[PDB]
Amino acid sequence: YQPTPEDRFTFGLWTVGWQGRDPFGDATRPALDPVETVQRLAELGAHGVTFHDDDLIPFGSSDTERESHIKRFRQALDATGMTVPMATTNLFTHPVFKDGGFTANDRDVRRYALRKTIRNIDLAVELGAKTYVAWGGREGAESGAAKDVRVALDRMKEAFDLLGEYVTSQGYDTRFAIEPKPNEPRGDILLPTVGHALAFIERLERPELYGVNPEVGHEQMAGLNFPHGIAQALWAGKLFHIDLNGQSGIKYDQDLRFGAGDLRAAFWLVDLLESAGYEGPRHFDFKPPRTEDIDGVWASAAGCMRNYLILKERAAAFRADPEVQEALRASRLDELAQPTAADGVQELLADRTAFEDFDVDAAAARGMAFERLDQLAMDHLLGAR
């Protein structure tokens, strides 16, 4: 279960780099230099790194000091072979984005938001990123009249159509992935789930430029089944990126290392990613618990990739097992793939077997055998098979 760069595992600079501050405490670890992070990650067997502009270049740096940062970073990438698949904007930390970035009530703060973003898009594309994520963590409200949602969305649609026009005019090959989240730090964040984000993308001027970047713990802060949501992102053809971590319940977002939190949901997400051939980076946006020192950080981080590869093995052994292939026919998972009525309406209506002569009760009593199948999955996760 040794990670190699062929596995496409990537991490955020801010993940291993998180210093330990939370609503009730101060930093527990030092600030990590992005060069030591690149180097360490490459020795852990990771494939790449990602970044918010303010992880790389500390807010309000001039162009000198901006260059000095990018250059020492670009040397650490060249030397390691590490790649930067995705980058993003910090439109949440500075006191100025307290009521948002793209949907801030103040018109000045909103146009700025966008200048800060376009500036970083040019660094991302230079460094090789093919996805540009946008997590609108400040777009929402703690009270009902503070934000009119129909207009704030007109604004959000305008801010994305503005970005879609600029990439189109510059000829970049970059695509945007919108990252939904139900709450935290705002009381309610706009586009709270993968569903909302999928529907919102269909109202942007050029929908094809836009997908989602789901995050495990996010959808589970809404008590939702993450593999189910990802299957709908896949069905739409909109899983551009995926953020992986752990969450132990409906509570504040924990950002545990992946495989921690809900373990059976972690197994079905690996199973689905792998059975549907997801190509993108397996990115860990997670937070080494502030109880740890730096050794615990790279450890927590190695554990993210270990559990991915272990669950990957158990999901392939499950799908491969003849007895489970048989168990799927027993539960009629082959009949689900069958068209309900390729032939059509006229045919269905006419069919007496489908209503008039249909023995409902015989059919009611055909057991689904779902439990035999789920214990086979349980033994395969546990390696009792």
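Numbering starts at 1 and runs along the sequence shown.
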request  = Determine, for stretches 26 to 34 and 312 to 320, which one has the higher mean CA B-factor as deposited.
outcome  = 26 to 34
task = Taking the mean of the C-alpha B-factors per stretch from the entry, tell me the winner out of 224 to 232 and 79 to 87.
result = 79 to 87
ask   = From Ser331, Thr50, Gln325, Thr353, pick the one with the largest CA B-factor in the entry?
value = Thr353
query = Reading the B-factor column of the entry, which of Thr193, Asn245, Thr168, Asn307 has the highest value at its C-alpha atom?
reply = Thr168
task = Using the B-factor values recorded in the entry, state whether the Cα atom of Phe92 falls in the lowest, middle or highest third among the modelled residues of its chain.
result = middle
remark   = Binned into thirds over the chain's modelled residues, the C-alpha B-factor of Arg282 lands in the lowest
note = Here the Cα B-factor of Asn120, set against its chain, lands in the third termed highest
remark   = Tertile call for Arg110 (CA temperature factor, within chain, third-based) is the middle
task = Name the third of the chain's ranked CA B-factors that contains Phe240, choosing lowest, middle or highest.
result = middle
